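A lone chain, given as structure tokens: the form deposited in one PDB entry.
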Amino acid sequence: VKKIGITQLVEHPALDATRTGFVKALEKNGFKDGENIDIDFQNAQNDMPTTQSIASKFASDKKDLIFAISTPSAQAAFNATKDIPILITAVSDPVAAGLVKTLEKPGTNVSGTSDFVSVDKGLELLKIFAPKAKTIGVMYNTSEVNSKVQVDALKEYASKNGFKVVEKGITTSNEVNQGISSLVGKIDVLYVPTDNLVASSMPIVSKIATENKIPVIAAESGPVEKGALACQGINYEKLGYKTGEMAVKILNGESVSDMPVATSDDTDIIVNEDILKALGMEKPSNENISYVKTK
């Protein structure tokens, strides 16, 4: 029986979706929990020390494979073991996180999928929902390398395309209230990168932003379900399913160190119709938009 450890940072929609897809891929390929695999699922509940203790225990348990969901969980798994294969998902920038040498040839015990998406995809939506906006706010966790890379990308785009960026770096969930509140009066739109801290506090961000008539564009649909206005993002269940197919390969003997990291080029526009209505906006004509209601 192959023993798989799954280390997930926290329940937020994107991370949950990757776990769902990964398990379905393994099952479709004949690997079934309680039969020829054992899945030990561990949630850190957003606690950074717990990402490290989960990973430590998976290494001392001698798991056959570790599936790590998010940058923090992956970094912890990599710190814990350089021998057990680690498959990642929902990692924005595996190279910047120190997990792989290159995407095409990791050269380490880590491979999997990246949730990289260009800032351009979300900022395209300004033409639709805030066509006169000139100042973009971004709140993010200064401890997440995934977020730092995306903020740099945002600033590069803004410098190219005539926008101002106002940053609010935080490190704790207790800072969210004053952080979003402080951006009121100073921004035309909020961009939410794939930041685990902010994604976990989206209902708060949404409530204050929407009361202040600030559109919030997120990088992916989880925050939209939790009260952001819109996104043009990837499908995280599919990303997880791809990672499970790569697991099948590793369980069957393929070398993780030569397995290329996979990404998705397929995005979909999803809008929260409740938030749209609260902002006094009309549904645009665009046939490719799908609508969600608040989770």
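One rule holds for the numbers: they count along the sequence shown, beginning at 1.
Annotation for 1 to 9 versus 284 to 292: the higher mean temperature factor (C-alpha) is found in 284 to 292. The mean Cα B-factor in the deposited entry runs higher for 30 to 38 than for the other of 226 to 234 and 30 to 38. Looking only at 68, 262, 251, 54, the residue with the top Cα B factor in the deposited structure is 251. Per the PDB record, 143 has a higher Cα B-factor than any other of 143, 109, 196, 73. When the CA B factors of the chain's modelled residues are split into thirds, the value for residue 156 lands in the highest one. Ranked against the other modelled residues of its chain, the C-alpha B-factor of residue 118 as given in the entry falls in the middle third. In this PDB entry, the Cα temperature factor of residue 126 sits in the top third of its chain's modelled residues, the highest group. In the deposited entry, the Cα temperature factor of residue 80 sits in the bottom third of values across the chain's modelled residues. Ranked against the other modelled residues of its chain, the C-alpha B-factor of residue 178 as given in the entry falls in the highest third.
The form deposited in another entry exists for this protein as well; it is not shown, and the discussion that follows is about that form.
Hinge residue for the rigid-part rotation between this form and the one not shown, picked from 265, 35, 172, 161: 265.
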